[PDB]
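Working notes for the structure below.
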Amino acid sequence: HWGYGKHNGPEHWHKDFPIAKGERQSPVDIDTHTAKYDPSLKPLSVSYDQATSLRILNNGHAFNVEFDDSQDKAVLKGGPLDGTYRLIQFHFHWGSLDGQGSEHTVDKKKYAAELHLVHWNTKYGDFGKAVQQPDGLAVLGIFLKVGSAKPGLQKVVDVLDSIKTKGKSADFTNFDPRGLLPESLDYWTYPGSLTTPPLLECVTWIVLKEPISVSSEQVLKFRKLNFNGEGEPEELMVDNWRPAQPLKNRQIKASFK
Ligand SMILES: CCN[C@H]1C[C@H](C)S(=O)(=O)c2sc(S(N)(=O)=O)cc21
Ligand SMILES: [Zn+2]
């Protein structure tokens with residue numbers, strides 16, 4: 001099975017998922033001097049007031065916090081998007097050391113972790129149909145740097161003990177994702193893909209310029225999770241990030257100057 005090890009990591013994915021060598025793969029390095037300011041880009045509209053979280057799960061690759069997407073409760077609009085995108089889940093990617101962990105990079109700089117808030121285009125009816133479309137998903141990416149603690153993240157950190165291994169899930173209701181957002185919503189955007197298999201090229205990436213700060217103790221807790229299931233040899237869940245892919249014939253746009 002695919003993973004992040006030496007024998008099943010990113011360099012091997014192309015054997016089972018040939019699209020790994022495709023034309024619009026993610027993540028990428030964001031060269032701040034070549035990105036172009038596009039004044040036609042609208043500000044992002046994040047409406048998370050009615051978000052209903054349901055559960056937190058360790059799927060063997062990361063931990064996901066899932067939301068009820070049966071209605072337009074928590075949605076993302078505006079920016080480079082056309083239509084309404086519903087929040088379905090969020091997860092993180094992190095490193096074994098503070099100097100690595102993020103998937104996207106900024107002028108080759110790596111952050112300690114990267115948060116992905118995944119949304120799907122409602123015009124396609126269901127998430128499964130959305131992933132088969134070029135504009136089916138919108139993922140909001142937020143960088144994490146180590147510094148002061150992020151209070152809104154603590155409730156997540158505190159429940160990780162209950163989902164240490166692959167397959168474990170815990171009820172996780174009434175969590176407000178607004179607590180994870182930076183002050184500014186300035187962003188870069190480009191067309192890309194999922195960063196894990198199936199690596200489908202159905203994502204409009206929206207990467208925020210402003211990183212959020214989390215404490216050393218908060219990120220340390222992420223690193224205590226396991227890739228393995230209960231009863232199996234312990235493999236710490238760290239470095240679950242894909243390296244930067246070629247930009248090819250794509251242009252990264254910025255909402256700011
Ligand atoms: C572990 C599989 N993860 C996949 C398949 C899921 C069904 S998804 O919600 O389409 C999704 S979103 C991202 S990311 N890292 O580009 O934001 C990866 C994945
Ligand atoms: Zn991700």
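Only this structure's heavy atoms are used, side chains among them; waters, hydrogens and symmetry mates stay out. Indexing begins at 1, ligand by ligand and atom by atom, following the structure's order. In what follows, residues are counted from 1 in the order of the sequence shown.
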I want to know if ligand 1 touches [X] in the polar sense, i.e. an N/O pair below 3.5 angstrom.
X: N59; result: no
X: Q89; result: yes
X: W2; result: no

(request) Ignoring hydrogens and angles, tell me if any N or O in the side chain of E114 forms a donor-acceptor pair with the backbone of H104 under 3.5 Å. (result) yes
(message) Applying the ring pair (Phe, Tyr, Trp, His ring centres under 6.0 Å) criterion to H61, which one of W2, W241, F227 satisfies it?
(response) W2
(message) Less than 6.0 angstrom from the centroid, inside 45 degrees of the normal: does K209 satisfy that with respect to the ring of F256?
(response)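 Judged by the rule (NZ or CZ under 6.0 Å from the ring centre, within 45° of its axis), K209 counts as positioned above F256.
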(request) Indicate yes or no: at least one non-hydrogen side-chain atom of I56 is less than 4.5 angstrom from one of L160. (result)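 Side-chain contact under 4.5 Å: yes.
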(message) What I'd like to find out is whether the side chain of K123 reaches to under 4.5 Å of the side chain of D82, using heavy atoms alone.
(response) no
(message) Can you tell me how the ring of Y4 sits relative to the ring of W13, calling it parallel under 30°, perpendicular over 60° and tilted otherwise?
(response) perpendicular
(request) Name the orientation class of the two ring planes belonging to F222 and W94 (parallel below 30°, tilted from 30 to 60°, perpendicular beyond 60°). (result)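 If you compare the ring of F222 with that of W94, the planes turn out perpendicular.
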Under a 4.0 Å threshold between the charged nitrogen and the carboxylate oxygen, would [Y] count as salt-bridged to [X]?
X: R223; Y: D98; answer: yes
X: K164; Y: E234; answer: yes
X: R55; Y: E66; answer: yes
X: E23; Y: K248; answer: yes

(message) Please report whether atom 18 (C) of ligand 1 has a protein non-hydrogen atom at a separation of less than 4.0 Å.
(response) yes
(message) Can you report which non-hydrogen protein atom sits closest to atom 11 (C) of ligand 1, along with the distance?
(response)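 Result: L194 CD2, 3.9 Å.
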(request) Could you find the nearest protein heavy atom to atom 2 (C) of ligand 1 and give me its residue, atom name and distance? (result)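 Nearest protein contact, heavy atoms only, for atom 2 (C) of ligand 1 is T196 OG1, 3.5 Å.
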(message) For atom 5 (C) of ligand 1, which of the options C202, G141, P198 provides the nearest non-hydrogen atom?
(response)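 Considering heavy atoms of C202, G141, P198, the nearest to atom 5 (C) of ligand 1 sits in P198.
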(message) Under 4.0 Å from a heavy atom of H93: which atoms of ligand 1 are those, numbered in the order shown and with their elements?
(response)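 Those of ligand 1 that fall under 4.0 Å from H93 are 15 (N).
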(request) For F127, take its heavy atoms, then give the atoms of ligand 1 lying under 4.0 Å from any of them. (result)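 Listed by number with element: 8 (S), 9 (O), 10 (O).
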(request) Determine whether the side chain, the backbone, both or neither of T195 has a heavy atom under 4.0 Å from any heavy atom of ligand 1. (result)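 Under 4.0 Å from ligand 1, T195 contributes backbone and side-chain atoms.
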(message) Test of understanding: given a 4.0 Å heavy-atom threshold, classify the contact between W205 and ligand 1 as side chain, backbone, both, or neither.
(response) side chain
(request) Could you tally the protein N/O/S atoms lying less than 2.8 Å away from the Zn ion (ligand 2)? (result) 3
